């Protein structure tokens, strides 16, 4: 494979520059990196690689990767290649991948438009092979810039893999039989479709509401708040799938099943020893739905109530009433009221100032090794 020989060159340069992360913005390093890229027999020929060489050589006066991102954002081809510095994707340094796009419902694409690119990774350098790396954001490039129209990638194949390895097992063990009938025995192409719908709705709704991100990003980074924000947009996504009549009914219900099953199960068990931000918000959802009649527990198995759509609407309405007070109070006051809401429905240790997995999911973690 030619792409395979390109990636081998990237992987080899990546190996040499590991341990040089502190000089990734030093111009002496960058000139040598650029020269090594340009002199690479297969990689140096690539248009995206010429864009990076030009960007890197100019960095001392323009610390931006403008040529690379122009190439990527215009989809001049299906290759991504750059120098990355993402604190939460530590595996990424000099990296290369090729992707394939997914079929898109046209109403979805127009009414809920965002710069989202749900894609499958076809081939990639080693950093992109880490299971941690599920997406790629514009500020992950060394320049750290994000503009509102930069493309954001989500790697759907990694979400299909997680759903196969964790969510299916959890559906069988934790849900009442018949709970997610469209997802039962679905093939990868079908989960791929739902997951792509999920990410499209997800990104769109992050930018909606009274405290959208990135505008209010620095108020939504505390663990319970970062998770609550993910949950806000995913419940918004569930409700769109339930209520927007211009979406094909069978595809919309499948996407609904996917978002609900991921949030009620896979995300609810993330993090060892303590829940991560997603798990805290999923356990908030779990306890809120149990207490307000959206789900029932019968012998430790979850029943989805017929009334669940109304209880989801009530839950999103409640988040929105808290966020709406941004117009009459401070962001810091809204934060405390989001924390108070969260802590009513989660296992918050006030001395540690952190969270424990609620007993229902602690036992599932023990029983299934998730």
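Residue numbers count along the first chain shown, from 1.
> Would you determine, from the values in the PDB entry, which of 353 to 361 and 21 to 29 has the greater average C-alpha temperature factor?
The stretch with the larger average C-alpha B-factor is 21 to 29.
> Which has the higher mean CA temperature factor in the PDB entry, 132 to 140 or 293 to 301?
Going by the record's values, the stretch with the higher mean is 293 to 301.
> By the entry's C-alpha temperature factors, tell me which of 257, 177, 270, 74 sits highest.
Across 257, 177, 270, 74, the entry lists the biggest C-alpha B-factor for 177.
> Return the residue from 55, 314, 323, 307 that has the highest Cα B-factor in the entry.
Each of 55, 314, 323, 307 was compared by C-alpha B-factor; the highest is 55.
> Sorting by Cα B-factor within the chain, modelled residues only, which third would residue 235 end up in: lowest, middle or highest?
For residue 235, whose C-alpha B-factor we compare with every modelled residue in the chain, the answer is the lowest third.
> Looking at the entry's B-factor column for C-alpha atoms only, identify whether residue 159 ranks in the lowest, middle or highest third of its chain.
Its C-alpha B-factor belongs to the lowest third of this chain's values.
> So where's residue 50 on the chain's Cα temperature factor ranking, which third?
It belongs to the highest third of the chain when residues are ordered by C-alpha B-factor.
> Sorting the chain's modelled residues by C-alpha B-factor, tell me whether residue 112 ends up in the lowest, middle or highest third.
Tercile = middle for this residue's CA B-factor.
> Would you please rank residue 219 by its C-alpha temperature factor against the other modelled residues of its chain and give the third it falls in: lowest, middle or highest?
For residue 219, whose C-alpha B-factor we compare with every modelled residue in the chain, the answer is the highest third.
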